[PDB]
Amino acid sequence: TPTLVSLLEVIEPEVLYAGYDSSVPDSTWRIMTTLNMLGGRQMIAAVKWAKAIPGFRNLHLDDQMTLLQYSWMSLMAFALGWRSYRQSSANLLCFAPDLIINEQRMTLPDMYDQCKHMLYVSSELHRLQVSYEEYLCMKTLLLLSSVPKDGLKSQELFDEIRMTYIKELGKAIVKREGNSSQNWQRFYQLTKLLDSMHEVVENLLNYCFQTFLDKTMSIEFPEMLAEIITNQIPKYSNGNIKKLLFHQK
């Protein structure tokens, strides 16, 4: 019987290419548009991924939809942080192998302020020397990081699935073979990074929502993203979102 972490590993989506032509000069508008198109394709792959996470398909179909719609930005920004961590280590934002925010791209107007919340994710993964097994558990936990204020239809099963992956994160940490005290510290550090993703996402969604809503910017989103964005905007407005935390404020 395979281990649960090996099952999470085998379903990890293959890295997608942006289809960005390097022979054409850069513009922030061109990069934003290309990234929205890439994001749509990454979200189609994220649906196929979530369906293969052991336990996910046992939740009510409405809960499956709810979790993907709440967590979509957290999943993209976290996987982006991982790719940036593995690829550069310098570091740069590595959206796709053909679309990296290199030093020349960083000179675009206000580029650092547009990238710093995402660069923080990769910087922390690097600082904490997060492993591939820890990362797989952490990303699954991000899919399970927000619920409606009144809860899910399959709340008991969701809590059991969530606890299972918290314990899986524990197993990955123990492999770093530190003492009981070092394991507790590492669990605290990794779960603090998980909590900080809610704050990273609020910044990214402020940008995403502004560019989606302001039609005078001529910033296109593919159907996959436009559908999730259209669904999420009223939920943020009416406070129908419970952000789950490992550490109380």
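In case it trips you up, residue 1 is the first one in the sequence shown, and so on.
Out of 173 to 181 and 92 to 100, which one has CA B-factors that are higher on average in the deposited record? That would be 173 to 181.
Out of 26 to 34 and 55 to 63, which one has CA B-factors that are higher on average in the deposited record? Comparing averages over the C-alpha atoms only gives 55 to 63.
For the C-alpha B-factor as written in the entry, point me to the maximum among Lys167, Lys139, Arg83, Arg105. Of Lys167, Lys139, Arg83, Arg105, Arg105 has the highest C-alpha B-factor.
Sort the modelled residues of this chain by their C-alpha B factor and say whether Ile241 lands in the lowest, middle or highest third. Ranked within chain, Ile241 CA B lands in the highest tercile.
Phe158 CA temperature factor, ranked by third within the chain: For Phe158, whose C-alpha B-factor we compare with every modelled residue in the chain, the answer is the middle third.
Could you place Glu9 in the lowest, middle or highest third of its chain by Cα temperature factor, using the values in the record? It belongs to the lowest third of the chain when residues are ordered by C-alpha B-factor.
Just say lowest, middle or highest third for the CA B-factor of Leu119 relative to the other modelled residues in its chain. Within its chain, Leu119 is a middle-third residue by C-alpha B-factor, going by the deposited values.
Can you tell me which third, lowest, middle or highest, the CA B-factor of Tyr70 falls into for its chain? For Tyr70, whose C-alpha B-factor we compare with every modelled residue in the chain, the answer is the middle third.
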